[PDB]
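The structure appears right after this line, and notes come after that.
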Amino acid sequence: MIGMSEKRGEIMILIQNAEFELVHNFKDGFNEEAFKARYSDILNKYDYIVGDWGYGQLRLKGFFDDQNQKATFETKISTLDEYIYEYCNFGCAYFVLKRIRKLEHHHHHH
Numbered sequence: 001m002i003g004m005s006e007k008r009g010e011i012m013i014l015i016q017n018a019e020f021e022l023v024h025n026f027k028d029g030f031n032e033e034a035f036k037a038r039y040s041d042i043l044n045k046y047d048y049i050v051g052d053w054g055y056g057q058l059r060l061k062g063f064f065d066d067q068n069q070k071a072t073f074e075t076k077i078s079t080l081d082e083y084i085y086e087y088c089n090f091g092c093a094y095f096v097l098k099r100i101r102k103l104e105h106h107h108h109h110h
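Structure (structure tokens):
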């Protein structure tokens, strides 16, 4: 039941055995190598990795589950908007990856 009948995808980023999905991307700020180079194990804690190019230096800042289970916009972080505005304001680039409540990586074990 791993990979629960999933025929849904988009831009899923699997790193350090953690499954992520690119939910929001502006100005094509999503640079994969940059992300995975800026990534850190402690970030897996947050279940949400926000990457902004504010101040030039790419920041990966994690947030906690903002939406309630009854929210259809699972990927929306209401406190995020004000955060981005402080750093990556109009005339900038940023991206948001969401950490999935599972990990489907077919490791052919013996």
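Numbering-wise, PDB author numbering puts 90 at position 90 of the sequence shown, and it's gapless, one number per residue.
All C-beta atoms, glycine included, are put in the ideal place defined by N, C-alpha and C.
Counting along the chain, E21 sits inside no alpha helix (DSSP H); it lies in the beta strand (DSSP E) bounded by residues 18-26.
Here DSSP, grouped into helix, strand and coil, assigns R8 to coil. Residue pairing of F95 in beta bridges, as defined by DSSP: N25, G51. Across the set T72, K98, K70, the C-alpha of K98 shows the shortest separation from the C-alpha of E10. The criterion of a C-beta distance shorter than 8 Å is not satisfied by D66 and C88. With respect to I77, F63 sits close: the two C-beta atoms are nearer than 8 Å. Our two residues, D47 and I100, have alpha carbons roughly 7 Å apart in a direct line. For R59, the enclosing beta strand (DSSP E) has its first and last residue at 59-62.
Relative to the Cα of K27, the nearest Cα in the group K102, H106, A93, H107 belongs to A93. Residue pairing by DSSP places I13 opposite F20 in a beta bridge. Between the alpha carbons of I49 and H105 lies a distance of about 20 Å.
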